[PDB]
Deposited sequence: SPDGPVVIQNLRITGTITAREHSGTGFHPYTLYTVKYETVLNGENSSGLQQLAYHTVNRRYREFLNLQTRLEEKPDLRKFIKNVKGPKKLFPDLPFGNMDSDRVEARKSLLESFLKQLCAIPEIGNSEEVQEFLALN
């Protein structure tokens, strides 16, 4: 029932967190996408750290009913432009493949990651 289109990573934001003893920088990937209704379109942006992509896969894998669907979906594993580009490409295709499976795209896990619900 959720219709997601045109999902891509458009850039990054380098932010900061407190470790408890000081501040540390970290990287968010900016993911933009649209949702369709029937003829309305909503624009969406969510910023997620690499670790958040990895946690998403883990949440799905923790659940047998969902894990089955993503057996063959290549996901993340726990400047050098070629590597940055390969990472952006990997993460993008990961999300797109997840969204293309109704049972996964509509899961609470993907919805939360994408800030849809």
item: Unmodelled intervals of the deposited chain, in order; value: 1-4, 43-49, 90-98
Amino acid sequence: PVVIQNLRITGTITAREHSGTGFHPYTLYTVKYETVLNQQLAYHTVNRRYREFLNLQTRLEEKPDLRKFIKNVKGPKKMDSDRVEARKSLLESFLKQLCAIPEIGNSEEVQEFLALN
From here on, numbers count along this sequence of modelled residues.
{"query": "Given 92-100 and 6-14, the range whose Cα B-factors average higher in the PDB entry", "finding": "92-100"}
{"query": "Residue range whose averaged C-alpha B-factor is higher in the record, 81-89 or 66-74", "finding": "66-74"}
{"query": "Member of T27, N47, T35, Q39 with the greatest C-alpha B factor (per the PDB record)", "finding": "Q39"}
